[PDB]
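File shown here: my_file_21.cif, holding mmCIF, C-alpha atoms.
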```cif
data_protein
loop_
_atom_site.label_atom_id
_atom_site.label_comp_id
_atom_site.auth_asym_id
_atom_site.auth_seq_id
_atom_site.Cartn_x
_atom_site.Cartn_y
_atom_site.Cartn_z
CA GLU A 3 -31.89 -0.76 49.35
CA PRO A 4 -33.44 -3.91 50.85
CA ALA A 5 -35.85 -5.61 48.47
CA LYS A 6 -39.51 -4.64 48.86
CA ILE A 7 -42.68 -6.27 47.51
CA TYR A 8 -45.86 -4.44 46.52
CA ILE A 9 -49.28 -5.63 45.36
CA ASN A 10 -50.68 -3.61 42.45
CA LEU A 11 -54.48 -3.32 42.20
CA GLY A 12 -56.06 -1.84 39.09
CA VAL A 13 -59.15 0.18 40.01
CA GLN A 14 -61.64 1.46 37.44
CA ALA A 15 -65.33 2.24 37.70
CA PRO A 16 -67.98 -0.28 36.63
CA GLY A 17 -68.74 -0.66 32.97
CA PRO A 18 -70.47 -3.36 30.93
CA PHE A 19 -67.28 -5.35 31.53
CA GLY A 20 -65.41 -5.29 34.84
CA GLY A 21 -64.20 -2.55 37.17
CA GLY A 22 -65.50 -2.06 40.69
CA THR A 23 -67.84 -0.03 42.84
CA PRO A 24 -66.38 1.97 45.75
CA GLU A 25 -67.73 -0.69 48.12
CA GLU A 26 -66.11 -3.49 46.10
CA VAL A 27 -62.79 -1.61 45.99
CA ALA A 28 -62.79 -1.07 49.76
CA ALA A 29 -63.74 -4.70 50.41
CA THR A 30 -60.98 -5.91 48.08
CA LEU A 31 -58.35 -3.66 49.67
CA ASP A 32 -59.30 -4.85 53.17
CA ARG A 33 -58.97 -8.52 52.17
CA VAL A 34 -55.66 -7.95 50.36
CA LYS A 35 -54.18 -6.18 53.39
CA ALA A 36 -55.42 -8.94 55.70
CA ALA A 37 -53.83 -11.53 53.39
CA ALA A 38 -50.39 -9.83 53.44
CA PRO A 39 -50.21 -7.16 56.16
CA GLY A 40 -46.46 -6.84 55.62
CA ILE A 41 -46.63 -6.09 51.87
CA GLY A 42 -47.29 -2.66 50.41
CA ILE A 43 -50.25 -1.92 48.16
CA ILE A 44 -50.24 0.36 45.11
CA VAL A 45 -53.66 1.43 43.83
CA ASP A 46 -53.77 2.22 40.11
CA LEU A 47 -56.72 4.60 40.06
CA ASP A 48 -58.63 5.23 36.81
CA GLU A 49 -56.83 2.25 35.24
CA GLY A 66 -65.46 0.38 27.47
CA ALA A 67 -64.54 1.47 30.99
CA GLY A 68 -66.85 3.45 33.22
CA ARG A 69 -65.92 6.53 35.22
CA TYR A 70 -66.27 7.49 38.87
CA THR A 71 -67.83 10.60 40.27
CA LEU A 72 -65.44 12.85 42.18
CA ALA A 73 -67.01 11.94 45.52
CA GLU A 74 -66.57 8.24 44.68
CA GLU A 75 -62.88 8.71 43.88
CA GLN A 76 -62.44 10.69 47.10
CA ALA A 77 -64.03 7.91 49.17
CA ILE A 78 -61.85 5.31 47.44
CA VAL A 79 -58.66 7.34 47.94
CA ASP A 80 -59.50 8.03 51.59
CA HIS A 81 -60.06 4.34 52.33
CA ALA A 82 -56.89 3.25 50.53
CA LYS A 83 -54.76 5.98 52.13
CA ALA A 84 -56.03 5.06 55.60
CA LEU A 85 -54.91 1.47 54.94
CA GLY A 86 -51.46 2.79 54.00
CA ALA A 87 -51.70 2.08 50.28
CA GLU A 88 -50.02 4.28 47.69
CA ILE A 89 -52.13 5.86 44.95
CA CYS A 90 -51.32 6.34 41.27
CA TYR A 91 -53.71 8.74 39.54
CA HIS A 92 -54.37 9.59 35.88
CA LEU A 93 -54.02 13.36 35.53
CA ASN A 94 -55.98 13.24 32.24
CA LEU A 95 -54.71 16.51 30.80
CA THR A 96 -56.72 18.36 28.19
CA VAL A 97 -54.12 18.82 25.44
CA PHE A 98 -56.48 19.59 22.55
CA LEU A 99 -57.62 23.17 22.02
CA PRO A 100 -61.02 24.08 23.57
CA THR A 101 -63.10 22.45 20.79
CA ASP A 102 -63.68 25.89 19.19
CA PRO A 103 -61.46 25.74 16.09
CA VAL A 104 -58.70 28.28 15.67
CA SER A 105 -58.10 30.78 12.86
CA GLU A 106 -54.86 32.84 12.89
CA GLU A 107 -51.24 32.22 13.94
CA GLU A 108 -52.84 30.14 16.68
CA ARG A 109 -53.11 27.62 13.83
CA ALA A 110 -49.32 27.77 13.52
CA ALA A 111 -49.11 27.44 17.32
CA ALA A 112 -51.68 24.61 17.55
CA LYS A 113 -50.18 21.42 16.11
CA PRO A 114 -52.91 19.71 14.04
CA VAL A 115 -53.26 16.02 14.91
CA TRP A 116 -55.66 13.33 13.67
CA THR A 117 -56.95 10.87 16.28
CA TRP A 118 -59.82 8.37 16.37
CA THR A 119 -62.21 11.37 16.34
CA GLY A 120 -60.68 13.11 13.33
CA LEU A 121 -58.77 16.38 13.30
CA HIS A 122 -57.77 18.10 16.55
CA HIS A 123 -55.50 21.04 17.34
CA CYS A 124 -53.06 20.60 20.21
CA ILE A 125 -52.99 23.40 22.76
CA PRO A 126 -49.82 25.50 22.28
CA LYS A 127 -47.03 23.87 24.27
CA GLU A 128 -46.25 27.12 26.09
CA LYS A 129 -49.79 27.72 27.37
CA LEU A 130 -50.18 24.10 28.52
CA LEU A 131 -47.00 23.93 30.60
CA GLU A 132 -47.26 27.50 31.92
CA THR A 133 -50.90 27.77 33.05
CA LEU A 134 -52.94 24.67 32.22
CA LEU A 135 -50.69 21.94 33.67
CA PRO A 136 -50.08 23.68 37.05
CA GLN A 137 -53.80 24.43 37.32
CA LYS A 138 -54.68 20.78 36.70
CA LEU A 139 -52.23 19.79 39.44
CA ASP A 140 -53.75 22.39 41.77
CA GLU A 141 -57.25 21.07 41.10
CA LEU A 142 -55.85 17.58 41.69
CA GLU A 143 -54.33 18.48 45.06
CA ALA A 144 -57.48 20.34 46.12
CA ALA A 145 -59.53 17.17 45.54
CA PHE A 146 -57.06 14.71 47.12
CA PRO A 147 -54.96 16.88 49.49
CA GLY A 148 -51.64 15.14 50.09
CA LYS A 149 -53.17 11.73 49.35
CA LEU A 150 -51.65 10.93 45.94
CA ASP A 151 -48.24 9.34 45.41
CA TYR A 152 -47.81 8.87 41.64
CA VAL A 153 -49.33 10.76 38.71
CA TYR A 154 -49.79 9.53 35.14
CA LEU A 155 -48.76 11.94 32.37
CA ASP A 156 -49.54 10.01 29.18
CA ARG A 157 -50.86 12.84 27.01
CA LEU A 158 -47.89 15.02 28.03
CA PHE A 159 -44.87 12.70 27.87
CA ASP A 160 -46.01 10.04 25.38
CA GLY A 161 -48.71 11.82 23.37
CA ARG A 162 -48.72 12.78 19.70
CA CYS A 163 -48.89 16.50 20.54
CA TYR A 164 -45.63 17.45 22.26
CA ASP A 165 -41.90 16.77 21.98
CA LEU A 166 -40.58 18.33 25.18
CA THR A 167 -37.06 19.69 25.40
CA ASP A 168 -34.87 18.61 28.30
CA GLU A 169 -35.52 22.02 29.88
CA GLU A 170 -39.28 21.53 29.59
CA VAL A 171 -39.11 18.05 31.13
CA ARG A 172 -37.27 19.33 34.21
CA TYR A 173 -39.89 22.08 34.46
CA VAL A 174 -42.61 19.41 34.57
CA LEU A 175 -40.72 17.22 37.04
CA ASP A 176 -40.27 20.33 39.18
CA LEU A 177 -44.05 20.89 39.12
CA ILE A 178 -44.74 17.43 40.57
CA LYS A 179 -41.82 17.51 43.02
CA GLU A 180 -43.40 20.62 44.54
CA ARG A 181 -46.54 18.53 45.11
CA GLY A 182 -44.58 15.58 46.52
CA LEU A 183 -45.49 13.29 43.62
CA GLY A 184 -43.77 10.57 41.66
CA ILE A 185 -44.54 9.70 38.05
CA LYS A 186 -45.70 6.50 36.36
CA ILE A 187 -44.28 6.26 32.85
CA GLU A 188 -45.30 4.30 29.75
CA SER A 189 -41.94 4.77 28.00
CA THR A 190 -38.22 5.20 28.61
CA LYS A 191 -38.12 8.38 26.49
CA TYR A 192 -37.43 10.64 29.49
CA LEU A 193 -36.38 8.01 32.03
CA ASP A 194 -32.77 9.11 32.55
CA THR A 195 -33.84 12.74 32.97
CA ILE A 196 -36.53 11.51 35.38
CA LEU A 197 -34.05 9.82 37.74
CA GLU A 198 -31.56 12.69 37.44
CA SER A 199 -34.20 15.03 38.88
CA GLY A 200 -34.67 12.61 41.79
CA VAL A 201 -38.38 11.88 41.29
CA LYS A 202 -39.87 8.52 42.21
CA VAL A 203 -40.77 6.50 39.12
CA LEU A 204 -43.20 3.61 38.63
CA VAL A 205 -42.31 1.63 35.51
CA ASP A 206 -45.45 0.26 33.87
CA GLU A 207 -45.68 -3.37 32.82
CA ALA A 208 -44.51 -4.08 29.26
CA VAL A 209 -42.44 -0.93 28.84
CA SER A 210 -39.23 -2.55 27.60
CA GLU A 211 -41.33 -5.30 25.99
CA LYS A 212 -43.07 -2.75 23.77
CA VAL A 221 -33.62 -0.16 26.37
CA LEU A 222 -32.86 0.56 30.03
CA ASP A 223 -32.05 -1.93 32.80
CA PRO A 224 -29.47 -2.85 35.61
CA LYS A 225 -27.49 0.42 35.44
CA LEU A 226 -30.26 2.52 37.00
CA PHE A 227 -31.18 -0.19 39.52
CA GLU A 228 -27.57 0.07 40.70
CA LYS A 229 -27.60 3.86 40.28
CA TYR A 230 -31.05 4.78 41.67
CA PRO A 231 -32.32 1.69 43.54
CA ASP A 232 -34.68 3.53 45.89
CA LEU A 233 -36.15 5.65 43.07
CA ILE A 234 -37.38 2.88 40.74
CA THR A 235 -40.40 0.64 41.28
CA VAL A 236 -41.01 -1.90 38.51
CA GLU A 237 -44.53 -3.23 37.97
CA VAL A 238 -44.58 -6.86 36.79
CA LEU A 239 -47.34 -9.29 35.84
CA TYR A 240 -46.91 -12.43 37.93
CA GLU A 241 -46.44 -15.77 36.19
CA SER A 242 -44.14 -17.94 38.31
CA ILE A 243 -40.98 -17.84 40.44
CA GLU A 244 -39.09 -16.62 37.36
CA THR A 245 -41.03 -13.34 37.58
CA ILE A 246 -39.63 -12.57 41.04
CA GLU A 247 -36.24 -14.18 40.37
CA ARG A 248 -35.56 -12.20 37.19
CA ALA A 249 -36.51 -8.90 38.84
CA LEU A 250 -34.23 -9.55 41.82
CA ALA A 251 -31.38 -10.70 39.56
CA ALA A 252 -31.67 -7.55 37.43
CA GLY A 253 -31.20 -5.43 40.56
CA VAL A 254 -34.78 -4.27 41.16
CA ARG A 255 -35.33 -3.26 44.78
CA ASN A 256 -39.05 -2.36 44.63
CA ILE A 257 -41.22 -4.89 42.79
CA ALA A 258 -44.89 -4.02 42.28
CA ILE A 259 -46.60 -7.30 41.38
CA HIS A 260 -49.81 -7.22 39.34
CA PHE A 261 -51.94 -10.35 39.10
CA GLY A 262 -54.50 -11.43 36.54
CA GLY A 263 -58.14 -10.47 36.52
CA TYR A 264 -60.30 -7.68 35.13
CA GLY A 265 -62.77 -6.35 37.69
CA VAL A 266 -61.52 -5.56 41.17
CA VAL A 267 -63.11 -8.66 42.72
CA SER A 268 -61.69 -10.88 39.97
CA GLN A 269 -58.26 -9.44 40.78
CA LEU A 270 -58.85 -10.30 44.44
CA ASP A 271 -59.11 -14.00 43.57
CA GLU A 272 -55.79 -13.87 41.71
CA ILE A 273 -54.13 -11.86 44.48
CA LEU A 274 -55.18 -14.26 47.25
CA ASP A 275 -53.79 -17.15 45.20
CA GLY A 276 -50.73 -15.10 44.27
CA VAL A 277 -49.89 -14.20 47.86
CA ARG A 278 -49.58 -17.90 48.74
CA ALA A 279 -47.54 -18.70 45.62
CA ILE A 280 -45.27 -15.68 46.09
CA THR A 281 -44.52 -16.70 49.68
CA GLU A 282 -43.33 -20.08 48.38
CA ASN A 283 -41.38 -18.34 45.60
CA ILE A 284 -39.49 -16.12 48.05
CA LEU A 285 -38.90 -19.05 50.42
CA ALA A 286 -37.39 -21.20 47.66
CA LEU A 287 -35.16 -18.33 46.52
CA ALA A 288 -34.00 -17.81 50.11
CA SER A 289 -32.88 -21.43 50.51
CA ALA A 290 -30.93 -21.23 47.24
CA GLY A 291 -29.20 -18.05 48.39
CA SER A 292 -28.33 -19.63 51.73
#
```
Could I get this structure in the form of structure tokens?
Amino acid sequence: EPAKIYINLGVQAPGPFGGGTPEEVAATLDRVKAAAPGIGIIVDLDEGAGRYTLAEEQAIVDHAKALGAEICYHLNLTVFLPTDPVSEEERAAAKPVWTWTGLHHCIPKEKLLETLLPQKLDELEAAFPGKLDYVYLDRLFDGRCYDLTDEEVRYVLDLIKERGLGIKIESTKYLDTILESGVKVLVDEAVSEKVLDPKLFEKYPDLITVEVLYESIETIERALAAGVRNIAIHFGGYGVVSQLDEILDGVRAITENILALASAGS
């Protein structure tokens, strides 16, 4: 219920553009922690971008977990049928969808939730045993393949509660059902700016963490005024080292922001 501040670091593998090597990610996390040892860190893993090997992700997660950071991971569910096209009532069960790569057939909603989603979570826990804190379910909750019933949503939220995981959401479509099940939620930046506000902050304060892009004192002031109790603050930058420059500047500016707000509320 007391207000808490978190520093959000986006971590993706090197590509022609930005990203960061495992060594750069570890070096950045060490400097960020040294700059604000009293502020939590949330690592947004896997978010023209490169990809990590599994061993690289494991080394990154191990280093961040040892520092005490929380990890948000992209589950990256396969929701399109095993490329082999389908010819029967499976066609009636596989919703045809056109993406940037043409026609695809969604995996039947029953087979995904029953066997494929729990297996993906089991493979996830086997690779990062007890080291993940939030999971991203874009293709499941906000994809063009599935419209989950309220019963199916609670079944999913039960699958990640069993693994001790929260969820990072890109939309408010299932928000109220998310808090009702008592799962931790990480609200992405530009979710409302892309309607739900105060009521849940007063209802479930310790369940909601809102990620905001820092601009000025108004960023922290508006979040506190709206009732947010956990504010994950993302700074500018693209690669991990470029984010480090913005974070180190932002830690100094945010200290002045909180100090000025404290004198006004005194």
**Message:** I'd like to see the residues matched by the PyMOL selection byres ((chain A and resi 20-26) around 8) on this file, and ideally I'd get them as a PyMOL selection string.
**Reply:** chain A and resi 13-19+27-30+67-68+74-75+77-78+264-267
**Request:** Using the chain letters and numbering of this document, enumerate as a ChimeraX atom specification the residues selected by the PyMOL selection byres ((chain A and resi 283-289) around 8).
**Result:** /A:242-243,246-247,279-282,290-292
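Atom CA of residue A:134 to atom CA of residue A:96 spans 8.4 Å [interatomic distance, one decimal].
This file gives the following result for the PyMOL selection byres ((chain A and resi 152) around 6): residues 90, 151, 153, 183, 184 and 185 of chain A.
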Give me a file of those residues, with C-alpha atoms, as a short mmCIF file (atom, residue, chain, number, x, y, z; two decimals), in the frame of the given file.
```cif
data_model
loop_
_atom_site.label_atom_id
_atom_site.label_comp_id
_atom_site.auth_asym_id
_atom_site.auth_seq_id
_atom_site.Cartn_x
_atom_site.Cartn_y
_atom_site.Cartn_z
CA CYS A 90 -51.32 6.34 41.27
CA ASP A 151 -48.24 9.34 45.41
CA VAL A 153 -49.33 10.76 38.71
CA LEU A 183 -45.49 13.29 43.62
CA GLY A 184 -43.77 10.57 41.66
CA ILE A 185 -44.54 9.70 38.05
#
```
**Asked** Just how far from atom CA of residue A:154 is atom CA of residue A:201, in Å to one decimal?
**Response**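 If I compute the distance from atom CA of residue A:201 to atom CA of residue A:154, I get 13.2 Å.
Of the listed residues (A:101, A:32, A:109, A:3), A:32 comes nearest to residue A:274; the distances count all atoms listed in the file.
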**Surrounding residues of residue A:165 excluding itself and chain neighbours under 6 positions, 12 Å, all atoms listed in the file, as number ranges by chain** = A: 113, 124, 126-128, 157-159, 171, 191-192
**Request:** Please provide the set of residues having any atom within 8 Å of residue A:233, restricted to all atoms listed in the file, with same-chain residues fewer than 5 positions apart removed, written as a list in words.
**Result:** residues 197, 200, 201, 202 and 203 of chain A
**Asked** Looking at only C-alpha atoms, which of A:163, A:254, A:47, A:177 is the one that sits closest to residue A:116?
**Response** A:163
**Request:** Identify which of the residues A:123, A:179, A:186, A:92 lies closest to residue A:69, counting only C-alpha atoms when measuring atom-to-atom distances.
**Result:**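 Ranked by minimum distance to residue A:69, first place goes to A:92.
Candidate residues A:122, A:187, A:237, A:278 were compared for distance to residue A:104, and the nearest is A:122, using all atoms listed in the file.
Here atom CA of residue A:93 and atom CA of residue A:79 stand 14.6 Å from one another.
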**Message:** Measuring between only C-alpha atoms, which one of A:136, A:66, A:114, A:86 shows the shortest distance to residue A:174?
**Reply:**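 Among the listed residues, A:136 lies closest to residue A:174.
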**Request:** Quick one: everything within 8 Å of residue A:261, counting all atoms listed in the file, minus sequence neighbours fewer than 4 positions away in the same chain. Send it as a ChimeraX atom specification.
**Result:** /A:10,239-240,269,272-273,276
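The shortest atom-to-atom distance to residue A:160, with all atoms listed in the file taken into account, belongs to A:97 out of A:97, A:141, A:119, A:253.
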Please enclose the listed atoms of stretch 206-225 of chain A in an axis-aligned box, pad each side by 5 Å, and write out the centre and the three edge lengths in Å, rounded to one decimal, as JSON.
```
{"center_x": -36.6, "center_y": -2.4, "center_z": 29.7, "size_x": 28.2, "size_y": 15.9, "size_z": 21.8}
```
